[PDB]
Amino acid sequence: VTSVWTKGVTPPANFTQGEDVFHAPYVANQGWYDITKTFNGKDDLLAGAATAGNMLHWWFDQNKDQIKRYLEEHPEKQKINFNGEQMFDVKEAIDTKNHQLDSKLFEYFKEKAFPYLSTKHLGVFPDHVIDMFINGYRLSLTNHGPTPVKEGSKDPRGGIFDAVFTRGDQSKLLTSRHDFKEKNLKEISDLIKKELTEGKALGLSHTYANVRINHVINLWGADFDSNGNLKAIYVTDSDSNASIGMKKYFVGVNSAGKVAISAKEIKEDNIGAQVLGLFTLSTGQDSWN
């Protein structure tokens, strides 16, 4: 078979077979991330923000210099202050980006940005989160669809890099969302391969045992068969115990052609989780000018 990995992401080599899943314990500075939930009451339903978080850490690595230069030109942007209190400092985020349980970026997400969502049985989508943090698109909880590419006031909680990535200009939107509900294996496989080779970071949503019946994770790499159809994917899941890390999921189909994923073979008693959607983040590396 053949495989494709997220740009700048080193395939783990510490993969071991456990009781429930084949995984690779987290290793820092390997290109990938694994933000972990503590279910402190604030991040209980924020896997979407956890997924956006992991994609943002990747994004930091990719634009390491592009960012340092950006801040120098706009020192104002480095921090987010609320009537005297410092809510966030991007450099603190970058310095803690490798921390699973206490990265400053996720801390900002659960504590200051989206504190009440978990209490309202509401989650968030990776793209909205990223669009807010970067472009400053005002994140609205009633927006069931993509970010409406328009001009408008910046969201106080984000817009750190909106001096470069503006609102209302399609060439500055660095994210995308795709529906997989009624797609077959070929369709899903092609889209995912394409995105992974265009150097984008990927987020995958699938059915789950939660109120929303939707859970999102990071998809770092994928294996394709001789015909180019998915056989497995490598993911990071914010719901997992920090000690698990990178997870290997099988990718299969049932007699109705629905695509599902699982930590075990899609063997008729275990049906896995049906895939529902895909989100992406491009570095936009050549737009900082």
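When you see a residue number, it is the position in the sequence shown, counting from 1.
Averaged over Cα atoms, the B-factor as recorded in the entry is higher for 224-232 than for the other of 44-52 and 224-232.
Looking at 102-110 and 67-75 together, the entry lists the larger mean B-factor for 67-75, computed on C-alpha atoms.
Of the residues listed, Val216, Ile94, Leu141, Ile80, the entry assigns the biggest Cα temperature factor to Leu141. For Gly245, the recorded CA B-factor ranks within the middle third of the chain. Only modelled residues enter the ranking. For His57, the recorded CA B-factor ranks within the lowest third of the chain. Only modelled residues enter the ranking. Among all modelled residues in this chain, the alpha-carbon of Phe133 has a temperature factor (C-alpha) in the lowest third.
Among the modelled residues of its chain, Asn270 has a C-alpha B-factor that falls in the middle third according to the deposited record.
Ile261 sits in the lowest third of its chain by CA B factor, as recorded in the PDB entry.
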